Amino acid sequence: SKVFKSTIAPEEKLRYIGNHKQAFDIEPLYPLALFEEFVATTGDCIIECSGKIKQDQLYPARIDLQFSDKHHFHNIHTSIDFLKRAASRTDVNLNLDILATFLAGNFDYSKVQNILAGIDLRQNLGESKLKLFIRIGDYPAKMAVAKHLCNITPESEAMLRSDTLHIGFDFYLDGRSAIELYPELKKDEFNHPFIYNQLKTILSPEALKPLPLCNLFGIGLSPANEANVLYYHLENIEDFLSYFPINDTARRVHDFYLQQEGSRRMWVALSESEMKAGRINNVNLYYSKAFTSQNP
């Protein structure tokens, strides 16, 4: 029946998503079933589950799938097929023009470094969105196009790096869309001495306090954001609560993932204003598990 073999069964990937749905009371929202049938068709991947917390409200129908192989053309085209199947519902409209602009011409797929596809679903259809992420490196023409779609000043444009850039696309089911750029610094960089004292001129000490816990730090820039979003990639999930005083709603998500098998790393995302507050009430939390075939 099957042609390609893997030590990973599709059921293992769907169980990880199912544990998340059971833990956070997720009932079917469109197009979650279509997304799970797409997940089941992938090869090696990382699956990332997330919660967004706003005061006492939890939005937990957030899943990203990262392709772990190098078949970039294939993985972008299967992800887009998922977007177009979702859009076939007559009362769903997706505006793909921003992605079309980014991929126009003779796009150089050998410059792609990373791809993810994902969802963030809500009870109101029009507030739900689909997601595509593409990381590129050393690709001047398309880094220029991404910067132009993001609509940032020439000052800020100058501060983005040229070797690598993570780029996200959001498609709401009522036709709204946005791009986000995520410039970043690795541990070796944000401890380089020219770099850090420069960081101290744009960010508060509160924002800098968690850096010893992290191996990656970044900032999300998007026309859709009300303020820049800070991103921290912690090396150890068990260090999180000592440095991030989150509220009880966020604590339910974190306490669950402290006991799930998977990665020991974690992302947290929040505005700088939240880092200066006594208690964090508005925060996103991300946890993941890898699915890699063991047959050599």
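One rule holds for the numbers: they count along the sequence shown, beginning at 1.
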Per the PDB record, is the mean Cα temperature factor higher over 120-128 or over 195-203?
195-203
If you average the CA temperature factors as listed in the entry, which stretch comes out higher, 283-291 or 269-277?
269-277
If you compare 135, 84, 209, 72, which has the highest Cα B-factor in the entry?
209
So where's residue 181 on the chain's Cα temperature factor ranking, which third?
lowest
How does the C-alpha B factor of residue 243 compare with the rest of the chain: lowest, middle or highest third?
highest
Per the entry's values, where does residue 224 land by CA temperature factor relative to the rest of its chain, in the lowest, middle or highest third?
middle
Among all modelled residues of this chain, ranked by Cα B factor, put residue 79 in the bottom, middle or top third, i.e. lowest, middle or highest.
lowest
Lowest, middle or highest third: which one holds residue 140 when the chain's residues are ordered by CA B-factor from the entry?
highest
